[PDB]
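> Sharing input_36.cif (mmCIF, C-alpha atoms) below.
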data_entry
loop_
_atom_site.label_atom_id
_atom_site.label_comp_id
_atom_site.auth_asym_id
_atom_site.auth_seq_id
_atom_site.Cartn_x
_atom_site.Cartn_y
_atom_site.Cartn_z
CA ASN A 2217 -12.34 -27.87 -4.86
CA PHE A 2218 -10.96 -29.00 -1.49
CA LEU A 2219 -8.24 -26.33 -1.27
CA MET A 2220 -10.74 -23.44 -1.11
CA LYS A 2221 -13.07 -24.83 1.59
CA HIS A 2222 -10.52 -24.68 4.44
CA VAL A 2223 -8.88 -21.26 3.99
CA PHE A 2224 -10.55 -19.20 6.74
CA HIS A 2225 -7.89 -18.95 9.45
CA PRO A 2226 -7.54 -16.72 12.55
CA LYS A 2227 -4.13 -15.33 11.58
CA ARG A 2228 -4.20 -13.08 8.52
CA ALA A 2229 -0.82 -14.33 7.28
CA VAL A 2230 -2.16 -17.87 6.82
CA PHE A 2231 -5.22 -16.52 4.98
CA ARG A 2232 -3.01 -14.46 2.65
CA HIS A 2233 -0.73 -17.45 2.01
CA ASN A 2234 -3.74 -19.65 1.22
CA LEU A 2235 -5.10 -17.01 -1.16
CA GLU A 2236 -1.68 -16.74 -2.83
CA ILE A 2237 -1.37 -20.50 -3.36
CA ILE A 2238 -4.95 -20.65 -4.67
CA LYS A 2239 -4.17 -17.85 -7.13
CA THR A 2240 -0.98 -19.65 -8.19
CA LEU A 2241 -2.95 -22.88 -8.70
CA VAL A 2242 -5.53 -21.23 -10.97
CA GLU A 2243 -3.11 -19.28 -13.17
CA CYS A 2244 -0.70 -22.20 -13.70
CA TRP A 2245 -3.41 -24.83 -14.32
CA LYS A 2246 -6.06 -22.67 -16.00
CA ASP A 2247 -6.78 -25.23 -18.72
CA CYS A 2248 -8.69 -28.40 -17.81
CA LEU A 2249 -9.84 -27.00 -14.44
CA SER A 2250 -13.55 -26.45 -13.85
CA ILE A 2251 -14.42 -23.70 -11.37
CA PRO A 2252 -16.88 -24.50 -8.52
CA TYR A 2253 -18.98 -21.33 -8.58
CA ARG A 2254 -21.46 -22.84 -6.10
CA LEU A 2255 -18.80 -22.97 -3.36
CA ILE A 2256 -17.93 -19.28 -3.77
CA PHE A 2257 -21.63 -18.39 -3.73
CA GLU A 2258 -22.12 -20.38 -0.52
CA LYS A 2259 -19.12 -18.50 0.90
CA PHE A 2260 -20.48 -15.01 0.16
CA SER A 2261 -24.21 -15.72 0.72
CA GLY A 2262 -24.19 -14.75 4.40
CA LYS A 2263 -27.18 -12.99 5.94
CA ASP A 2264 -25.96 -11.96 9.41
CA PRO A 2265 -24.50 -8.42 9.44
CA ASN A 2266 -21.08 -7.66 10.98
CA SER A 2267 -20.07 -11.31 10.71
CA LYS A 2268 -17.12 -11.18 8.25
CA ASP A 2269 -18.10 -14.36 6.40
CA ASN A 2270 -18.62 -13.08 2.83
CA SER A 2271 -15.09 -11.63 2.73
CA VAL A 2272 -13.62 -15.03 1.87
CA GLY A 2273 -16.19 -15.47 -0.90
CA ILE A 2274 -15.54 -12.10 -2.50
CA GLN A 2275 -11.79 -12.69 -2.17
CA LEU A 2276 -12.13 -16.04 -3.95
CA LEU A 2277 -14.23 -14.35 -6.68
CA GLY A 2278 -11.53 -11.69 -7.03
CA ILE A 2279 -8.83 -14.37 -7.25
CA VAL A 2280 -10.67 -16.20 -10.03
CA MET A 2281 -11.47 -12.82 -11.64
CA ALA A 2282 -7.80 -11.85 -12.07
CA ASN A 2283 -7.00 -14.55 -14.67
CA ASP A 2284 -9.66 -13.75 -17.32
CA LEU A 2285 -12.38 -16.16 -16.19
CA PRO A 2286 -16.17 -15.93 -16.63
CA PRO A 2287 -17.48 -13.43 -13.99
CA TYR A 2288 -19.58 -15.95 -11.98
CA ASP A 2289 -22.66 -17.87 -13.20
CA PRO A 2290 -21.32 -19.44 -16.43
CA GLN A 2291 -24.91 -20.47 -17.32
CA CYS A 2292 -24.09 -24.16 -16.88
CA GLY A 2293 -27.18 -24.77 -14.72
CA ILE A 2294 -25.15 -24.77 -11.50
CA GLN A 2295 -27.04 -21.75 -10.10
CA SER A 2296 -29.49 -19.08 -11.26
CA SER A 2297 -29.13 -15.40 -12.15
CA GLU A 2298 -30.90 -14.37 -8.93
CA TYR A 2299 -27.89 -15.61 -6.93
CA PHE A 2300 -25.89 -12.82 -8.66
CA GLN A 2301 -27.94 -10.51 -6.43
CA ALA A 2302 -26.48 -12.01 -3.23
CA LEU A 2303 -23.11 -10.64 -4.43
CA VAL A 2304 -24.41 -7.02 -4.63
CA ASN A 2305 -26.37 -7.46 -1.36
CA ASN A 2306 -22.95 -7.83 0.27
CA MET A 2307 -22.37 -4.05 -0.14
CA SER A 2308 -25.23 -3.34 2.32
CA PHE A 2309 -23.58 -4.93 5.36
CA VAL A 2310 -21.91 -2.08 7.24
CA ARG A 2311 -19.02 -2.11 9.76
CA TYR A 2312 -15.85 -4.26 10.03
CA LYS A 2313 -15.09 -3.36 6.37
CA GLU A 2314 -13.67 -5.98 3.93
CA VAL A 2315 -17.30 -6.73 3.01
CA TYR A 2316 -18.52 -3.65 1.10
CA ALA A 2317 -15.33 -2.14 -0.37
CA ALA A 2318 -14.06 -5.44 -1.79
CA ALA A 2319 -17.59 -6.26 -2.95
CA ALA A 2320 -17.81 -2.92 -4.77
CA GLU A 2321 -14.38 -3.48 -6.35
CA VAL A 2322 -15.17 -6.99 -7.61
CA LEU A 2323 -18.60 -5.81 -8.85
CA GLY A 2324 -16.86 -3.08 -10.87
CA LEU A 2325 -14.52 -5.60 -12.55
CA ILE A 2326 -17.51 -7.92 -13.32
CA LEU A 2327 -19.44 -5.00 -14.91
CA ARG A 2328 -16.32 -4.08 -16.91
CA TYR A 2329 -16.03 -7.73 -18.05
CA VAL A 2330 -19.69 -7.70 -19.16
CA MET A 2331 -19.38 -4.28 -20.85
CA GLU A 2332 -16.30 -5.48 -22.77
CA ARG A 2333 -17.57 -8.83 -24.11
CA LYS A 2334 -21.22 -7.84 -24.85
CA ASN A 2335 -23.69 -10.62 -23.77
CA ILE A 2336 -25.38 -9.08 -20.70
CA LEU A 2337 -24.61 -5.36 -20.34
CA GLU A 2338 -26.63 -3.31 -17.77
CA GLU A 2339 -28.44 -6.06 -15.78
CA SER A 2340 -25.83 -6.00 -12.95
CA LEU A 2341 -25.59 -2.16 -13.23
CA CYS A 2342 -29.20 -1.42 -12.20
CA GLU A 2343 -28.97 -3.33 -8.89
CA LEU A 2344 -25.52 -1.88 -8.14
CA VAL A 2345 -26.87 1.67 -8.73
CA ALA A 2346 -29.87 0.90 -6.47
CA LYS A 2347 -27.45 -0.22 -3.76
CA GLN A 2348 -25.47 3.01 -4.22
CA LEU A 2349 -28.73 5.03 -4.39
CA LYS A 2350 -30.17 3.35 -1.26
CA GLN A 2351 -26.86 3.98 0.53
CA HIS A 2352 -27.17 7.58 -0.60
CA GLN A 2353 -30.20 9.28 0.94
CA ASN A 2354 -30.60 7.07 4.04
CA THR A 2355 -27.76 8.95 5.78
CA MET A 2356 -24.42 7.09 5.59
CA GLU A 2357 -22.87 9.54 3.12
CA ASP A 2358 -19.33 8.54 4.11
CA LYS A 2359 -19.83 4.95 2.91
CA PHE A 2360 -21.68 5.89 -0.28
CA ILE A 2361 -18.85 7.89 -1.81
CA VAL A 2362 -16.12 5.40 -0.85
CA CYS A 2363 -18.18 2.60 -2.42
CA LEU A 2364 -18.64 4.79 -5.50
CA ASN A 2365 -14.88 5.37 -5.65
CA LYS A 2366 -14.27 1.62 -5.36
CA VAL A 2367 -16.72 0.96 -8.21
CA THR A 2368 -15.42 3.72 -10.49
CA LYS A 2369 -11.80 2.53 -10.25
CA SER A 2370 -12.78 -0.06 -12.88
CA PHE A 2371 -16.17 1.13 -14.27
CA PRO A 2372 -16.25 4.98 -14.77
CA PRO A 2373 -19.68 5.15 -16.51
CA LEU A 2374 -21.68 4.41 -13.33
CA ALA A 2375 -20.46 7.78 -11.99
CA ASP A 2376 -22.59 9.37 -14.74
CA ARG A 2377 -25.64 8.55 -12.58
CA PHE A 2378 -24.29 10.31 -9.47
CA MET A 2379 -22.31 13.39 -10.59
CA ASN A 2380 -24.93 15.80 -9.23
CA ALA A 2381 -24.88 14.06 -5.85
CA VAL A 2382 -21.07 13.93 -5.97
CA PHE A 2383 -20.89 17.71 -6.42
CA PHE A 2384 -23.59 18.25 -3.78
CA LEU A 2385 -21.62 16.17 -1.26
CA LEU A 2386 -18.31 17.96 -1.94
CA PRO A 2387 -18.55 21.06 0.35
CA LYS A 2388 -19.70 19.13 3.44
CA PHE A 2389 -17.02 16.43 3.21
CA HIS A 2390 -13.58 16.60 4.81
CA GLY A 2391 -10.43 14.55 5.21
CA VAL A 2392 -10.04 11.71 2.73
CA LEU A 2393 -13.74 11.76 1.77
CA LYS A 2394 -13.23 15.03 -0.13
CA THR A 2395 -10.32 13.39 -1.97
CA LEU A 2396 -12.51 10.40 -2.88
CA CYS A 2397 -15.17 12.79 -4.20
CA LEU A 2398 -12.50 14.55 -6.24
CA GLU A 2399 -11.18 11.45 -8.00
CA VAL A 2400 -14.79 10.29 -8.52
CA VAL A 2401 -15.50 13.52 -10.39
CA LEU A 2402 -12.06 13.20 -12.06
CA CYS A 2403 -12.83 9.76 -13.53
CA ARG A 2404 -15.46 11.44 -15.76
CA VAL A 2405 -14.38 14.89 -16.95
CA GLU A 2406 -14.41 14.59 -20.77
CA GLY A 2407 -17.79 15.46 -22.25
CA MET A 2408 -18.97 16.98 -18.95
CA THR A 2409 -20.14 20.36 -20.23
CA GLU A 2410 -20.19 23.37 -17.88
CA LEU A 2411 -17.79 21.59 -15.54
CA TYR A 2412 -16.04 24.84 -14.60
CA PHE A 2413 -19.28 26.43 -13.38
CA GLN A 2414 -19.96 23.48 -11.08
CA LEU A 2415 -16.37 23.45 -9.82
CA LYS A 2416 -16.31 27.20 -9.13
CA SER A 2417 -19.75 27.08 -7.48
CA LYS A 2418 -18.23 25.01 -4.63
CA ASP A 2419 -15.08 27.15 -4.12
CA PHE A 2420 -12.58 25.02 -6.04
CA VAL A 2421 -9.70 27.43 -5.37
CA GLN A 2422 -10.00 26.88 -1.60
CA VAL A 2423 -9.80 23.12 -2.16
CA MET A 2424 -6.74 23.60 -4.37
CA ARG A 2425 -4.91 25.98 -2.03
CA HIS A 2426 -5.03 23.65 0.99
CA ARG A 2427 -1.79 21.68 1.37
CA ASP A 2428 -2.53 17.97 0.87
CA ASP A 2429 -0.02 16.89 -1.88
CA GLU A 2430 -2.49 14.21 -3.03
CA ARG A 2431 -5.73 16.18 -3.21
CA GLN A 2432 -3.70 18.98 -4.80
CA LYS A 2433 -2.42 16.50 -7.39
CA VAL A 2434 -5.99 15.36 -8.08
CA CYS A 2435 -7.16 18.95 -8.60
CA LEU A 2436 -4.18 19.63 -10.87
CA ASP A 2437 -5.07 16.56 -12.95
CA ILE A 2438 -8.67 17.80 -13.09
CA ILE A 2439 -7.49 21.19 -14.36
CA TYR A 2440 -5.16 19.58 -16.91
CA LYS A 2441 -7.99 17.42 -18.25
CA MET A 2442 -10.55 20.27 -18.22
CA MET A 2443 -8.12 22.71 -19.90
CA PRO A 2444 -9.48 22.16 -23.46
CA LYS A 2445 -12.97 23.49 -24.24
CA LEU A 2446 -12.27 26.29 -21.72
CA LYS A 2447 -12.47 29.98 -22.60
CA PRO A 2448 -9.41 32.20 -21.98
CA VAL A 2449 -11.49 34.22 -19.50
CA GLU A 2450 -11.91 31.15 -17.28
CA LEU A 2451 -8.25 30.13 -17.60
CA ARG A 2452 -7.22 33.68 -16.64
CA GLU A 2453 -8.77 33.20 -13.20
CA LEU A 2454 -7.74 29.54 -12.97
CA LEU A 2455 -4.05 30.16 -13.77
CA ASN A 2456 -3.05 32.07 -10.62
CA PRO A 2457 -3.58 29.17 -8.15
CA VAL A 2458 -1.86 26.92 -10.70
CA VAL A 2459 1.22 29.15 -10.94
CA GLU A 2460 1.23 29.50 -7.15
CA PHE A 2461 2.49 25.88 -7.08
CA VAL A 2462 6.11 27.03 -7.52
CA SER A 2463 8.38 26.08 -4.59
CA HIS A 2464 5.83 23.45 -3.59
CA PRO A 2465 7.59 20.68 -1.61
CA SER A 2466 6.02 17.94 -3.75
CA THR A 2467 7.71 17.13 -7.06
CA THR A 2468 4.63 15.60 -8.73
CA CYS A 2469 2.50 18.73 -8.24
CA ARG A 2470 5.27 20.82 -9.82
CA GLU A 2471 5.46 18.37 -12.74
CA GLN A 2472 1.70 18.54 -13.35
CA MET A 2473 1.84 22.34 -13.16
CA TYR A 2474 4.68 22.29 -15.68
CA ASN A 2475 2.67 20.06 -18.04
CA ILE A 2476 -0.21 22.55 -17.78
CA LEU A 2477 2.34 25.27 -18.59
CA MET A 2478 3.60 23.45 -21.69
CA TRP A 2479 0.04 23.02 -23.02
CA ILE A 2480 -0.91 26.70 -22.56
CA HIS A 2481 2.30 28.04 -24.16
CA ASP A 2482 1.95 26.16 -27.48
CA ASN A 2483 -1.85 26.75 -27.50
CA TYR A 2484 -1.75 30.51 -26.64
CA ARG A 2485 1.38 31.27 -28.74
CA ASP A 2486 1.09 34.09 -31.34
CA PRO A 2487 -2.65 34.68 -30.84
CA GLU A 2488 -4.66 36.00 -33.78
CA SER A 2489 -4.51 39.78 -33.27
CA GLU A 2490 -5.82 41.29 -30.02
CA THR A 2491 -8.64 38.79 -29.56
CA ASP A 2492 -8.48 39.01 -25.76
CA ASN A 2493 -6.17 40.67 -23.25
CA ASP A 2494 -6.63 37.54 -21.12
CA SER A 2495 -5.01 35.50 -23.90
CA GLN A 2496 -2.00 37.82 -23.69
CA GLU A 2497 -1.78 37.93 -19.88
CA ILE A 2498 -2.17 34.12 -19.72
CA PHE A 2499 0.72 33.59 -22.20
CA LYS A 2500 3.00 36.02 -20.35
CA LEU A 2501 2.46 34.38 -16.93
CA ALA A 2502 3.01 30.86 -18.32
CA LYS A 2503 6.08 31.86 -20.39
CA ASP A 2504 7.69 33.66 -17.46
CA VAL A 2505 6.99 30.94 -14.93
CA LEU A 2506 8.19 28.39 -17.51
CA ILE A 2507 11.42 30.40 -17.67
CA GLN A 2508 11.45 30.28 -13.87
CA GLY A 2509 11.15 26.49 -14.12
CA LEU A 2510 14.65 26.27 -15.64
CA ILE A 2511 16.35 26.56 -12.22
CA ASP A 2512 14.13 24.04 -10.44
CA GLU A 2513 15.55 21.94 -7.62
CA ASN A 2514 14.59 18.54 -9.04
CA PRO A 2515 17.14 17.57 -11.74
CA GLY A 2516 14.59 15.55 -13.75
CA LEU A 2517 11.77 17.98 -14.44
CA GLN A 2518 14.44 20.65 -14.92
#
Could you render the structure as structure tokens?

Amino acid sequence: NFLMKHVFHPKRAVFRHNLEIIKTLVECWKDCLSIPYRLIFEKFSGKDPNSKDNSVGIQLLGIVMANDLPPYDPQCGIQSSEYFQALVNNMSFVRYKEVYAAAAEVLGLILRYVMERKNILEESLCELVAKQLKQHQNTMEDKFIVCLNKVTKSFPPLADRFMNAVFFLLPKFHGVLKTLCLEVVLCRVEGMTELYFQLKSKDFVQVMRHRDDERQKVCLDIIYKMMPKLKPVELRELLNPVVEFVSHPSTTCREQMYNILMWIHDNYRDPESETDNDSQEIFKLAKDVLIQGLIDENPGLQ
């Protein structure tokens, strides 16, 4: 109890060392150690914006969250369920960071914990969505999608309530925000019917052709996941930017392209009669570029 009240220090190295020794204390002595959830609540219950006072509280909650502990409010009468709101409220405070991104991350783990062990399921989710929704229309589109990406790193299903807005925000974004949008839409691709129409409606090939070697990898993963349930007509158009990834400086993009190639070749092999000329053209391009892959520079994927 005493070792977590005096951890806020000017230098960041001392704060990190204190957090490390607190984490080591909890994991080694997990049994026969009650957790003072009131102290953490008092730490992250700040009201003044741009103050950087709830960061220590959310960091303590993340530290206790990493060793399979109850996700705050163990229903021991120490606090009430309305103090679980002060944890989501933390995502509103803008500027200085470390107060909304970490809050979104810890909230995602807590939801995941509650979706895995039954008990309460969606009660946290509604407020978190409202916070995302409020941060959506009232300008501030840059913060909304990064908070959504932080949440969806542990809880994909919440993205199901914002896919339309995610696709609407895609053309106007730039830099890393476009990448965040792309992995947000990547975290939910299975069961998303008519995904190709939405992707093509926002000029997906121009996003793929731009050299980013991380965004390109994300788009390649999206294509590899979306490849089943796709007609050969769609794959005929989609294959040319994929096979343009030969001689790409990045090894990982070439490897993902090669994996796409291996899937198409077994799947399109010996097609039943002349069902579609696209099914024939698609097989020929993949087979020939797969042959071309035999002299690749990287000795591993070769």
> Name every residue that the PyMOL selection byres ((chain A and resi 2265-2271) around 7) selects in this structure, writing the answer as a PyMOL selection string with chains first and numbers rising.
chain A and resi 2259-2264+2272-2275+2309-2312+2314-2315
> Go through A:2361, A:2505, A:2303, A:2415 one by one, measure the shortest atom-to-atom distance of each to residue A:2463 using all atoms listed in the file, and give the residue with the smallest value.
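Closest to residue A:2463, using all atoms listed in the file: A:2505.
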> Any chance you could resolve the PyMOL selection byres ((chain A and resi 2278-2293) around 8) against this file and give the residues as a VMD selection string?
chain A and resid 2235 2238 to 2239 2242 to 2243 2253 2274 to 2277 2294 to 2297 2300 2322 2325 to 2326 2329
> Pick the closest to residue A:2255 from A:2217, A:2240, A:2467, A:2370: which is it, counting all atoms listed in the file?
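With all atoms listed in the file as the atom set, the closest residue is A:2217.
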> Might you pull out every residue within 12 Å of residue A:2439, with all atoms listed in the file counted and same-chain residues fewer than 2 positions away left off, and present them as a count of residues only?
38
> I'd like the neighbourhood of residue A:2394 as a PyMOL selection string, where a residue qualifies if any of its atoms comes within 10 Å (using all atoms listed in the file), though same-chain residues fewer than 5 positions away should be ignored.
chain A and resi 2358+2361+2382+2385-2389+2399-2400+2423+2431
> Pick out the closest residue to residue A:2461 from this set: A:2223, A:2492, A:2486, A:2427. Count all atoms listed in the file.
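Using all atoms listed in the file, residue A:2461 sits closest to A:2427.
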> Using only C-alpha atoms, find the one residue out of A:2484, A:2316, A:2299, A:2371 that sits nearest to residue A:2332.
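Looking only at the distances to residue A:2332, the closest residue turns out to be A:2371.
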